[PDB]
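*Asks:* sequence unavailable; structure follows:
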């Protein structure tokens, strides 16, 4: 359907880097808000696996994320802010709300 | 201490997607009446159209994993959507940080 999509990024943080990561996302959040077609950024943490987090980003289109955001210098700044926290590259997919 | 989300990753069998979506809409009362439950949303993957994420809001994890799981309505839920599944759903719980 025609409307918003959500990028879902499943992140695994290196043991002990969780506070650093949260701090980094908090600081990096404005990079996303000012990205073309971005209407929101939220960070969730797993209860069962506390090193695992989910970034949920609201995009108008998937290309606003995968083309526009990914080719911008703000992506390079996001990776400078939180990249060292990652245990491996996040698993990223996109969703649409059905109900 | 506050609201938690159940996150259920579901893989639907080929062609059963509209049936599953139907059964989720039909199951909305079962959730609404479950103890500690404050909402249900359904998301579908763009890359993998047989994959859905069910996001359910609970006061506590036990509301879901003890109270809801051990109730007749869990069984009613499974009767409504269970034959659409390709394998057993992967379930975890999250809390909002930012």
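*Replies:* Sure thing, it's come through. Numbering: from 1, shown residues only, chains lettered A, B, ... in the order given.
*Asks:* rest of the way, CA atoms for contacts and neighbours
*Replies:* Fine.
*Asks:* surely residue A:98 and residue B:45 touch.
*Replies:* No - Residue A:98 lies out of contact with residue B:45 (C-alpha atoms under 8 Å); the separation is 10.1 Å.
*Asks:* between these two, who's got more neighbours?
*Replies:* The residue with more neighbours, out of residue A:98 and residue B:45, is residue B:45; 19 against 14, by other C-alpha atoms under 10 Å in any protein chain shown.
*Asks:* backbone dihedrals for the more buried one, please?
*Replies:* Note on residue B:45: its backbone torsions stand at phi -70, psi 140 [degrees, to the nearest 10].
*Asks:* is it bridged to anything, and to what?
*Replies:* Beta-bridge partners for residue B:45, by DSSP bridges, are residue A:95.
*Asks:* for it, list the residues it contacts.
*Replies:* Going by C-alpha atoms under 8 Å, 6 or more residues apart in numbering or on different chains, residue B:45 touches A:93-96, B:51-53.
*Asks:* ok now stretch A:4-14, how far from the chain's centre?
*Replies:* Using C-alpha atoms, centre = their mean, to the nearest Å, the mean C-alpha position of stretch A:4-14 is found 5 Å from that of the whole chain.
*Asks:* same question, stretch A:47-59
*Replies:* Counting by C-alpha atoms, centre = their mean, stretch A:47-59 comes out at 9 Å from the chain centroid.
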